[PDB]
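Scroll down for the structure; my scribbles are underneath it.
Cβ placement follows ideal geometry from the backbone for every residue including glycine, while neighbour counts extend to all protein chains displayed. Read-outs throughout are calculated quantities, based only on the coordinates presented, and are distinct from any laboratory measurement.
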């Protein structure tokens with residue numbers, strides 16, 4: 001019985017406390033489902049999944065898929081590579 | 001120790017695109033890699049090639 | 001990395017239903033190759049003056 | 001039981017052709033391996049003839065099997081546990097077991113659900129997998145041209 005609650009709480013706290021820009025849990029779930037589906041299609045189909053076919057498997061519209069792919073993008077740091085190496089912070 | 005996975009015979013196809021088309025269209029000049037994988041079970045005994 | 005993944009999933013997955021297609025994950029291998037050829041100090045930009 | 005040239009049915013990969021009765025030895029014991037290949041996965045499997053019935057390599061559905069899974073697909077009164085998770089794990093075990101009667105029951109149950117309720121894309125995918133293996137099974141059981149097996153299967157679901 002306890003494993004159920006543990007997994008639920010861990011996945012919830014992962015969902016809404018692991019991004020600098022907080023994405024609510026439903027959009028985290030659809031992002032994770034899209035990522036899993038595209039991963040399994042990359043592993044099985046081999047051919048890289050095109051967005052509209054991902055929509056077909058996803059049973060949603062391609063523009064919703066594009067919006068999901070836009071939302072998933074996470075922020076880089078301003079203190080990383082100049083262009084290639086970390087000589088100067090990117091924020092300069 | 002009741003099962004095992006093995007690899008053999010790396011093998012390439014032809015390149016999917018020539019050099020100049022690769023340079024023009026920003027696609028990397030690569031070729032697929034094909035490997036013969038074999039799953040073996042110990043207790044009942046099968047090869048999954 | 002791929003071997004760690006494959007020997008993780010050897011145990012959790014049910015026996016007599018699997019194949020190397022289901023076991024092998026090629027994403028970390030291609031990720032490693034892509035991370036080597038792009039953004040590495042030895043995969044240098046070709047200098048043609 | 002499994003001679004050469006036999007279109008023998010192996011779970012879960014459906015029917016398969018045997019190429020030869022291979023005498024590959026291990027530990028100085030010339031076991032009677034048989035090479036069998038399927039058309040979908042493009043894989044070759046060697047199975048010893050002694051424990052060939054242990055793996056449960058079946059034989060194709062004939063006529064009694066066709067009308068039996070027919071009666072199952074048309075069987076009324078089927079109901080499932082209220083919590084969808086119990087239903088999911090039950091019919092997942094039921095497809096993982098892989099017998100034709102239970103795969104038929106799974107596909108007809110989910111079709112009855114899908115007609116009105118609808119299911120998730122994962123649940124549609126579980127259907128699609130069960131439907132694919134079942135239509136392969138039927139199209140090599142009646143030996144009847146996978147597309148025509150799909151059209152007859154869609155004919156029979158409506159009853």
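Averaged across the residues of D:42-55, what count of C-beta atoms belonging to other chains lies within 10 Å of each residue's C-beta?
Counting other chains' Cβ atoms within 10 Å and averaging over D:42-55 gives 3.
Give the distance, in whole Å, between the Cα centre of region A:14-92 and the Cα centre of region C:21-37.
So the two Cα centres are separated by 18 Å.
So for the pair residue B:44, residue B:3, with labels modelled 7 Å out along Cα→Cβ, what separation do we get in nm?
1.0 nm
Which semi-axes, in whole Å and largest first, does the equivalent ellipsoid of region A:18-91 have when worked out from the alpha carbon gyration tensor as the square roots of 5 times its eigenvalues?
Whole-Å semi-axes of the equivalent ellipsoid: 29, 17, 10.
What distance in nm lies between label points placed 7 Å from Cα along the C-beta direction at residue A:3 and residue D:159?
3.7 nm
At 0.36 nm per residue, and after removing the present C-alpha to C-alpha distance, how many nm does the segment from residue D:55 to residue D:25 gain when stretched out fully?
My answer for the length gained is 8.8 nm.
How high is the relative contact order of region D:14-141? Use alpha-carbon pairs under 8 Å, at least six apart in sequence, and give a whole percent.
Taking the mean separation of contacting Cα pairs over the length of region D:14-141, I get 21 percent.
Can you put A:5, D:111, D:84 in order, fewest other beta carbons within 10 Å first?
Fewest-to-most Cβ neighbours within 10 Å comes out as A:5, D:84, D:111.
Which order do D:13, D:77, A:26 fall in if you start with the one that has the fewest other Cβ atoms within 10 Å?
In order of increasing Cβ crowding within 10 Å: D:77, A:26, D:13.
Residue C:41 versus residue A:21, label points 7 Å from Cα toward the beta carbon: distance in nm?
Each label point lies 7 Å from its Cα, and together they span 3.4 nm.
Given the Cα atoms of chain B, and with Rh set as the inverse mean 1/r over their pairs in the Kirkwood sense, what is Rg to Rh to two decimals?
Reported Rg/Rh (Cα atoms, Kirkwood Rh): 1.33.
Got a sec? How would B:40, A:21, C:24 order by Cβ neighbour count within 10 Å, fewest to most?
Fewest to most other Cβ atoms nearby, the residues stand as A:21, B:40, C:24.
From other protein chains only, count the Cβ atoms within 10 Å of every residue's Cβ in C:11-24, then give the mean.
5
Determine by what factor the alpha-carbon radius of gyration of the protein assembly as shown differs from 2.2 N^0.38 Å, reporting the quotient.
Here the answer is 1.23, to two decimals.
In a Debye calculation with equal point scatterers on the alpha-carbon sites of chain C and no solvent, what is log10 I(q)/I(0) at q = 0.19, 0.22, 0.28, 0.29 Å⁻¹?
-0.69, -0.80, -1.02, -1.05
If I take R0 = 25 Å and measure r between the Cβ atoms of residue A:84 and residue A:33 in this structure, what FRET efficiency does the formula 1/(1 + (r/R0)^6) give, to the nearest 0.05?
According to the calculation, E is roughly 0.10.
May I ask you to derive the FRET efficiency for residue A:11 and residue A:74 from their Cβ-Cβ distance with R0 = 22 Å, giving the value to the nearest 0.05?
Step by step, r from the Cβ atoms, then E = 0.75.
For residue D:129 and residue A:66, FRET efficiency with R0 = 30 Å and r from the beta-carbon atoms, rounded to 0.05?
Efficiency, rounded to the nearest 0.05: 0.60.
Please compute the average number of Cβ atoms from other chains found within 10 Å of each residue's Cβ in peptide D:139-150.
The mean count of partner-chain Cβ atoms within 10 Å per residue comes to 0.
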